[PDB]
2 protein chains.
Amino acid sequence: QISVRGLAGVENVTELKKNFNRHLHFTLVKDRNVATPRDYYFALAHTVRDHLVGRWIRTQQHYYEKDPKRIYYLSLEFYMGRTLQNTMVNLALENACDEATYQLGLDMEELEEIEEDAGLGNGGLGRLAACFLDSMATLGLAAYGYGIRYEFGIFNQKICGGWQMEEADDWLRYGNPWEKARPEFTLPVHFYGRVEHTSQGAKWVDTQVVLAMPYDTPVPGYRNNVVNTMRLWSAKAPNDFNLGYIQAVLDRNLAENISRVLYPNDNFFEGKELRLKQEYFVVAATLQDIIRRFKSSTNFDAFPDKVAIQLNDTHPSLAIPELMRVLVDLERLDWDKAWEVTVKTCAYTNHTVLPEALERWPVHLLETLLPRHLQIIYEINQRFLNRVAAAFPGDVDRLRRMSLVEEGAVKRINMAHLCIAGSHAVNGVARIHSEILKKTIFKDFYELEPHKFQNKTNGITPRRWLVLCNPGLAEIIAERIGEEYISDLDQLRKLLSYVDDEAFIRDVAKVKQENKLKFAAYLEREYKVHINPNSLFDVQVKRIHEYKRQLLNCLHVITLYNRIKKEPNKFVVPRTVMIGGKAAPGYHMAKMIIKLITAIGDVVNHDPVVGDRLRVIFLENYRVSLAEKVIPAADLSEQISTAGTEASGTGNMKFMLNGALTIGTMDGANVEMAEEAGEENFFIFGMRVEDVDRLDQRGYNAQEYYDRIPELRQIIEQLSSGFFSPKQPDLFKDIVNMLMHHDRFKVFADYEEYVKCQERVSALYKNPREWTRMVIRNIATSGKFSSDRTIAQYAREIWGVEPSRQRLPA
Amino acid sequence: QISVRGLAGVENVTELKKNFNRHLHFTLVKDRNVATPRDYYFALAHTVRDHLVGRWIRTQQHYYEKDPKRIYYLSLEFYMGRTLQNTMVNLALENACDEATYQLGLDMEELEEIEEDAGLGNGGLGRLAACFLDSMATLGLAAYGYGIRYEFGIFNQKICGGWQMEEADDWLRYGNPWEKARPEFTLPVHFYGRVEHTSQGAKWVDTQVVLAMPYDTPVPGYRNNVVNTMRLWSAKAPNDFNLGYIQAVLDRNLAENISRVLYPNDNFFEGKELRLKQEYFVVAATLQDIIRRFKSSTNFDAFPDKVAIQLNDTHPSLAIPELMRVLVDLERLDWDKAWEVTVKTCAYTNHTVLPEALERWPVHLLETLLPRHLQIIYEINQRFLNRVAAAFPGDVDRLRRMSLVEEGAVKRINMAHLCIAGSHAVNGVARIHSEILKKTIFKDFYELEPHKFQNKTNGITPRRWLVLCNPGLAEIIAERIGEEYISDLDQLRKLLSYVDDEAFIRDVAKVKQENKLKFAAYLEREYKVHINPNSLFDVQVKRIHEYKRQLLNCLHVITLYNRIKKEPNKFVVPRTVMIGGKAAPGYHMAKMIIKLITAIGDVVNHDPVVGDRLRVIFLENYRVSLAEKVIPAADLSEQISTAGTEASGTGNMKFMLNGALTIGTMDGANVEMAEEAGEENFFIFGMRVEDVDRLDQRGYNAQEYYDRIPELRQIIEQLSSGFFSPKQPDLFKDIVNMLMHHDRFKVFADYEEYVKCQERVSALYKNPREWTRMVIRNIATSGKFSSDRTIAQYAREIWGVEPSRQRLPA
Ligand SMILES: O=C1NC(c2ccc3ccccc3c2)=N[C@@]12O[C@H](CO)[C@@H](O)[C@H](O)[C@H]2O
Ligand SMILES: O=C1NC(c2ccc3ccccc3c2)=N[C@@]12O[C@H](CO)[C@@H](O)[C@H](O)[C@H]2O
Ligand SMILES: O=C1NC(c2ccc3ccccc3c2)=N[C@@]12O[C@H](CO)[C@@H](O)[C@H](O)[C@H]2O
Ligand SMILES: O=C1NC(c2ccc3ccccc3c2)=N[C@@]12O[C@H](CO)[C@@H](O)[C@H](O)[C@H]2O
Ligand SMILES: *Cc1c(COP(=O)(O)O)cnc(C)c1O
Ligand SMILES: *Cc1c(COP(=O)(O)O)cnc(C)c1O
């Protein structure tokens with residue numbers, strides 16, 4: 001059909017069809033008379049994975065021969081989504097497979113919808129990991145993702161009576177065709193025990209063993225024939241484990257629990273033992289692998305020339321004391337040399353602002369679980385604090401603040417402090433966030449080692465997030481400027497010369513309208529609800545969090561509702577307001593916000609006076625595959641975090657790329673997005689970071705806003721009085737009480753400027769042509785936010801390797 | 001190489017080779033430079049399973065079109081062993097694959113040794129199930145095996161310091177290439193709840209749901225293109241299960257524990273809840289499947305014309321009340337009609353003599369776990385006892401003895417009683433055992449319903465147990481009489497006309513000698529121990545059990561040792577005595593016997609005066625694949641159970657087929673074996689059943705034997721005094737004490753006649769030609785003990801179906 005989806009050669013289609021029927025028969029053991037859509041999807045998945053195999057083997061072979069420096073991306077989360085379409089895009093098979101399946105009487109789009117998301121992440125951090133792998137493979141880097149193969153990913157969200165219920169994400173039930181088990185590369189991991197000191201140094205003994213079994217998933221680069229590896233570890237009990245008989249076998253589950261389930265907290269630290277086990281497990285098994293591969297090229301001076309280990313937040317911070325443990329206790333390097341090697345090898349990305357998201361592990365946990373690592377951490381602290389004392393003599397307070405050990409009723413290790421000390425590079429994930437790291441939470445560290453601190457602004461892969469999810473927009477762009485932009489997104493600037501082309505204006509608005517029609521129909525088919533597709537699609541999708549201020553949005557929505565009721569016969573620009581996102585199961589307030597959203601919907605969507613002028617939709621089970629559908633359909637992107645709380649954001653970027661205007665605070669990458677597009681082409685409102693700091697000094701009194709803003713007071717009274725909860729009048733008292741007395745995120749402070757700015761959005765939408773010209777200005781300046789740019793900067797400025805766009809042979 | 005292994009056509013070999021390299025690449029994702037023997041085995045396994053696929057699909061298709069009566073073999077155990085060689089034998093691929101692998105530079109025999117046993121059974125009962133499936137497929141019956149896919153089969157046995165240690169049998173670690181998951185045919189199974197009575201009848205409510213997910217394994221018939229199915233169920237938690245969050249997900253393991261582990265007791269009932277859950281789980285899920293298939297051909301009169309359900313002992317006895325529950329409560333048939341259908345559908349094979357092996361479930365367990373089933377069982381009992389009262393009026397004692405409910409401190413359901421009442425046929429597994437069922441434990445039932453009681457003497461499949469394990473013997477037989485005997489084993493009688501052929505005598509003894517050489521070398525390679533292969537191979541392999549009297553054998557062994565020491569310079573026929581078998585983990589006495597065996601070995605095998613004249617070897621980890629090696633290597637088969645305790649035995653048959661003479665009691669199928677071969681051609685010793693009964697009436701006094709037999713007294717004194725345990729003098733006091741005061745199996749009573757009969761064995765072995773002529777007489781009359789004969793009798797006399805030897809099209 002469309003050009004960026006590749007060729008459908010007659011040989012190619014014929015071959016795909018015969019291999020599809022071979023797999024249906026031999027692999028699935030079905031005949032065509034009993035197959036279901038699910039079988040057809042599996043037959044297709046196996047057919048496509050076949051084209052990965054040669055490329056994967058030759059790639060891994062090439063890395064063994066050339067021996068380049070190897071990048072290890074350690075993360076506890078990889079939010080991969082579906083693999084089938086991405087594989088077809090990256091191998092230029094999409095049209096051929098479409099054609100092949102079409103001649104077998106099947107609709108490929110319908111088979112694609114059968115694939116489960118690999119939901120091994122919570123949101124932004126996990127998804128960044130996934131975009132990174134894609135960009136690492138596309139830029140020909142010898143890169144490996146390492147993590148945990150959780151049996152259960154992020155829970156499936158049901159809404160029952162307007163409340164979130166959680167169900168186990170049994171993503172492996174039907175099998176994962178994209179993974180290859182490698183039980184032959186199974187490795188031991190140790191826990192508990194104790195430390196013996198000898199003449200020949202320290203010895204970690206009487207440990208419990210858990211086995212780590214790797215599953216490899218291929219990561220195809222974009223049309224370069226590169227296929228990198230994502231290796232995920234699974235926990236298995238040793239066979240002499242606990243070894244009356246029956247109970248011993250059943251207790252194997254205690255060890256295997258380590259890889260059972262993803263912790264579902266977004267920007268929240270929960271200090272549980274099982275989580276610490278998860279962190280050590282991926283670190284211990286990964287480092288053994290790294291070292292094994294290094295030794296197949298007794299001398300570790302070259303280690304940092306052959307190995308970069310990137311830590312995705314502090315979650316794998318134990319890689320630092322583990323690398324030391326291996327080098328000092330097993331390889332018998334002296335401390336100072338081992339440490340040099342460790343620092344030159346490791347680099348730490350911070351993804352975190354909020355104090356309650358910083359990992360601070362109680363010492364008694366580390367003492368029991370990882371006794372040698374705690375000895376090593378203490379030794380790191382002492383040597384580190386000795387350098388602080390020498391540089392800042394007499395500054396005893398600095399010593400207290402910089403210590404890796406926090407004093408308290410419970411002593412804790414500050415894993416962030418461990419990462420800065422133990423890494424040659426520390427970066428944040430957007431310019432304003434990297435500035436905040438230097439000015440506030442890591443000021444002291446910055447003053448000691450200024451050279452370590454960098455910025456690497458985040459990005460998203462334009463393969464999944466343009467070509468894949470929005471083929472029609474990719475196409476009209478490729479019509480004017482060619483295909484090359486897909487791996488070089490800066491080329492979208494060339495679209496600025498089409499900003500006054502009537503035909504391009506028509507095509508951009510046409511694609512948007514088709515995306516809306518298609519998403520609206522998706523809502524009817526799968527969830528029986530009727531949206532006006534000529535309305536403005538106002539969408540806020542991201543995890544449910546106080547700092548992301550879904551509640552500010554709710555206040556806007558209720559304001560529009562009250563304005564319509566006061567003046568029912570006045571014209572207003574119609575909106576479909578859609579909010580979606582999961583709340584962490586233990587976050588009471590996030591769960592209340594979801595409930596308020598659905599409660600608002602029940603009032604607004606059933607008011608006859610409102611008509612189709614205002615609709616409020618809670619989008620259930622927000623995940624990667626739903627993002628691929630709703631983001632191309634959106635007109636307005638809501639990026640409305642309180643200034644200084646969103647480290648970067650990446651949703652923001654996905655929307656800019658996909659033809660929606662942004663309403664947002666000067667937070668995270670919003671700042672850079674506005675700077676790229678021009679402030680005139682962005683709906684910026686509200687407090688800056690500096691304003692928030694001024695408000696904090698004089699004290700945030702929410703009451704002042706309630707007293708001065710009648711529209712706002714009206715809303716608080718409706719919430720309190722049970723306008724939105726007739727049967728439980730007091731349902732939302734916790735929301736009111738928090739907004740009035742304990743709002744860390746200053747929702748009321750931004751309320752007035754948000755409502756005003758929302759009016760400017762409405763006014764522009766009234767003028768389709770100028771709306772669309774502004775969209776073009778956004779798409780055309782979104783180049784910077786390619787994860788290819790991000791990864792090239794990581795490669796050049798941290799890892800010391802040169803990216804490449806040159807294809808391996810096919 | 002040899003003829004019964006099929007053709008190696010040039011097309012066929014070329015094709016096998018290319019498919020082996022395709023699977024190595026595409027399936028295993030390896031290149032030839034990094035593959036290990038294990039990869040090669042997997043590539044071969046996938047290549048061979050490919051030839052099963054067409055046959056499996058067409059077979060299952062044919063059964064849907066022809067709609068024959070369907071046989072359901074329900075068992076908690078299927079002791080399958082390895083699948084690769086059996087598949088090749090049954091598809092006539094063995095020589096082609098040999099040739100294909102040979103030209104790739106690989107040794108197929110070495111790849112075969114990499115396959116794990118599927119050890120989903122304890123011994124005889126499980127293995128009979130496996131032989132049955134093979135014979136059902138070979139005889140073209142529309143037959144299905146149903147059971148549980150245990151994650152852990154029978155434990156691996158290590159000997160440490162002469163003691164059994166158990167390790168978890170992680171048979172699935174590397175994947176099972178022979179199974180196909182069918183998660184799409186997942187079915188619910190209910191537990192707990194309670195019963196509500198309504199107007200519309202009884203309702204089972206508030207249940208816990210466990211899902212049953214089927215895995216299908218193909219069962220190829222012998223060269224007929226039939227491929228039947230073995231369907232094994234796995235337990236999965238529903239996704240709303242237990243649904244803080246983390247703990248709920250971890251507790252899914254409670255439900256999945258149902259299919260986690262095989263209970264490792266041989267002829268012993270252990271009344272645990274988890275075992276009862278296993279029994280209901282396979283029954284509930286299987287019956288849903290049976291019924292679904294029946295309904296795709298509201299009227300159940302035809303059900304018994306379209307369905308036979310065979311119960312492998314009482315383990316799936318709940319099929320009877322479950323079938324009633326479905327017919328009465330869900331299908332709303334009246335009781336009497338449902339019952340008729342149930343009786344005509346079900347048939348019960350008893351495998352059990354020993355009182356401690358009979359299943360008697362406490363009522364309080366059934367009350368909690370399966371409340372409706374208990375109501376139904378009680379209703380069955382009442383109606384059954386009403387028929388007893390009418391037939392035997394006034395015989396109140398008979399009522400007590402025949403009740404399904406046993407009265408006691410704890411009330412119990414006698415599952416055997418439930419099976420007789422609820423089945424149209426009840427059979428034992430050898431003539432003498434079926435006679436004992438009619439004369440003692442089920443006398444009362446026999447007098448009520450004489451027509452229900454049958455004999456079906458056991459058998460073994462000559463494919464695994466001759467062709468596969470002993471190709472050289474198969475070949476010399478095929479040289480004289482052709483190939484047809486492999487599916488018609490009665491044709492071995494034709495070998496009687498070769499009993500005085502010098503060339504045949506030479507070939508039979510040659511094959512035996514080659515098997516011994518090969519087994520001896522296997523002992524050196526894998527277990528570093530040096531056996532004289534010119535010695536007589538005296539072997540007793542079977543589970544460790546007091547009733548099987550390994551201890552009698554030990555007494556013989558110690559007697560030979562003491563005779564050598566008394567008269568060191570006298571000639572004796574050299575022996576290698578090998579005993580192997582697992583003990584149940586909780587069976588203290590079985591574990592002591594193993595220890596005594598190794599203790600005897602430590603004395604005898606290190607005595608310089610003994611030389612290579614006597615060796616005692618404990619064969620570690622006895623299992624199906626070890627049986628395939630040692631049974632062809634044996635000269636003397638030890639079948640020495642106390643008369644009346646071995647229901648049948650099947651080891652006995654495997655040895656007769658493979659060219660060993662039998663020393664045995666008139667127990668089990670030993671009686672029929674002797675009758676077939678002639679008593680002159682068998683080493684029969686010891687008490688008959690009648691003798692044991694006489695001894696029981698007057699009282700078994702072990703002391704009398706100890707006082708009258710000096711040789712025996714000497715042995716008891718050595719055991720007591722620590723001759724065999726120098727560092728722990730009293731180690732074996734529990735063995736002595738049991739033999740002297742509490743021997744249920746009357747070891748001393750058979751001692752004298754056993755030693756005498758062992759002397760006759762030694763004397764015959766001194767005359768190779770006459771030894772071998774006797775072997776020929778044994779092999780030649782072993783036809784009856786084919787499981788093809790057994791299954792044909794089940795088909796004709798119980799299931800009402802006609803077997804067939806006609807091939808499906810290829
Ligand atoms: O989406 C994100 N999640 C986390 C984060 C931080 C700490 C955690 C601790 C425990 C568990 C999960 C955690 C997740 N940080 C985020 O990283 C994205 C990628 O840089 C940024 O775009 C987001 O602004 C930022 O919020
Ligand atoms: O389950 C399996 N997955 C793959 C496989 C093959 C190629 C791939 C290419 C790309 C990504 C994933 C891939 C996975 N091979 C399989 O290995 C199992 C263990 O060896 C076998 O039991 C399966 O029959 C076989 O199908
Ligand atoms: O090998 C056998 N195991 C059992 C058996 C009986 C009751 C059980 C109860 C619980 C668990 C396992 C059990 C096993 N019976 C046997 O069946 C074989 C097949 O008919 C016979 O040849 C054996 O003589 C007989 O001993
Ligand atoms: O793991 C698998 N086993 C088989 C399979 C195919 C043919 C067979 C023929 C006979 C016996 C067993 C058989 C098993 N197919 C597989 O199904 C998985 C689930 O659909 C896929 O993920 C695997 O990639 C694929 O290899
Ligand atoms: C990109 C993405 C996120 C991160 O979005 P933010 O708006 O930056 O919080 C979260 N979840 C999913 C499913 C995504 O695709
Ligand atoms: C045949 C067989 C048995 C049964 O042997 P008996 O001597 O009848 O107890 C037990 N275990 C294995 C491995 C077998 O192959």
Side-chain angles (χ1 to χ4, degrees), chain A residues 74 76 189-197 201-205 207 269 271-273 275-284 286-287 309 311-331 333-348 350 352 358-389 398-424 426 441-442 444-445 448-449 452:
Chain A
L74 273 55
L76 270 277
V189 168
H190 296 256
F191 296 98
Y192 305 102
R194 71 193 161 77
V195 176
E196 274 165 20
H197 296 273
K203 283 289 290 303
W204 190 17
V205 306
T207 59
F269 174 62
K272 299 291 155 78
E273 194 194 48
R275 170 70 172 203
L276 179 62
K277 290 187 179 177
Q278 285 182 339
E279 284 180 359
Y280 185 58
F281 175 76
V282 53
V283 155
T286 301
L287 260 152
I309 295 167
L311 305 174
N312 201 35
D313 221 276
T314 56
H315 308 157
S317 63
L318 293 160
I320 291 164
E322 172 74 9
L323 183 48
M324 285 290 292
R325 180 187 73 88
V326 175
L327 298 182
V328 163
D329 296 345
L330 296 191
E331 297 292 349
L333 268 50
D334 70 290
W335 179 281
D336 289 327
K337 172 74 78 180
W339 180 249
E340 191 200 4
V341 162
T342 299
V343 163
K344 284 180 50 171
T345 292
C346 295
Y348 158 66
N350 176 273
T352 318
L358 290 181
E359 283 194 307
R360 306 167 143 93
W361 285 107
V363 160
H364 70 262
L365 257 179
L366 280 168
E367 211 189 319
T368 308
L369 191 72
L370 298 168
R372 171 104 262 237
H373 292 81
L374 181 63
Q375 294 181 356
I376 282 160
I377 286 170
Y378 278 146
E379 193 63 28
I380 293 173
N381 195 43
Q382 197 174 16
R383 291 164 176 262
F384 184 68
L385 288 177
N386 279 331
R387 284 201 306 133
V388 180
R398 193 185 282 263
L399 296 180
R400 169 198 63 82
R401 287 191 313 265
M402 291 182 83
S403 182
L404 280 60
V405 186
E406 270 171 33
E407 293 296 342
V410 313
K411 304 176 73 197
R412 294 166 194 284
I413 309 304
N414 187 315
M415 299 319 270
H417 291 175
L418 167 65
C419 287
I420 293 155
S423 298
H424 76 272
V426 173
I441 48 156
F442 309 144
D444 293 324
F445 290 83
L448 191 73
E449 304 179 296
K452 285 188 180 184

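A, B, ... follow the sequence lines: proteins, then strands. Residue 1 opens every chain. For the numbers below, each heavy atom of this structure counts, side chains included, while hydrogens, waters and symmetry mates do not.
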Any side-chain to backbone donor/acceptor pair from [X] onto [Y]? Under 3.5 Å, distance only.
X	Y	result
A/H424	A/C346	yes
A/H417	A/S403	yes
A/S317	A/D313	no
A/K411	A/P362	no

Run the numbers on A/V328 and A/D334 for side chain to side chain contact (heavy atoms under 4.5 Å, CB included), then give the verdict. CA-CA 6 Å; A/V328 163; A/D334 70 290; over 6 Å; no
Do A/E322 and A/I376 pass the side chain to side chain contact (heavy atoms under 4.5 Å, CB included) test, and can you show the C-alpha distance, the side-chain angles, and the key distance before you say yes or no? CA-CA 9 Å; A/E322 172 74 9; A/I376 282 160; over 6 Å; no
Heavy-atom pair with the smallest gap, counting every atom of [X] and [Y]:
X	Y	result
A/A319	A/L311	CB-CD2, 3.9 Å
A/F384	A/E449	CE1-OE1, 4.2 Å
A/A421	A/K452	O-NZ, 3.3 Å

Polar side chain donor-acceptor pair, A/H315 to A/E359, under 3.5 angstrom: no
Close side-chain approach of A/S423 to A/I320, heavy-atom, < 4.5 Å: yes
A/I309 and A/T286, any side-chain heavy atoms less than 4.5 Å apart: no
Partner of A/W339 by side-chain contact (heavy atoms from CB on, under 4.5 Å), out of A/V341, A/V343, A/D336: A/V343
Taking it one step at a time, do A/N350 and A/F442 satisfy side chain to side chain contact (heavy atoms under 4.5 Å, CB included)? CA-CA 11 Å; A/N350 176 273; A/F442 309 144; 3.9 Å; yes
Quick one: do [X] and [Y] make a salt bridge, cutoff under 4.0 Å?
X	Y	value
A/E279	A/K277	no
A/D329	A/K203	no
A/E406	A/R360	yes

Is the distance between the ring centroids of A/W204 and A/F191 under 6.0 Å? no
Do A/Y280 and A/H190 have ring centres separated by under 6.0 Å? no
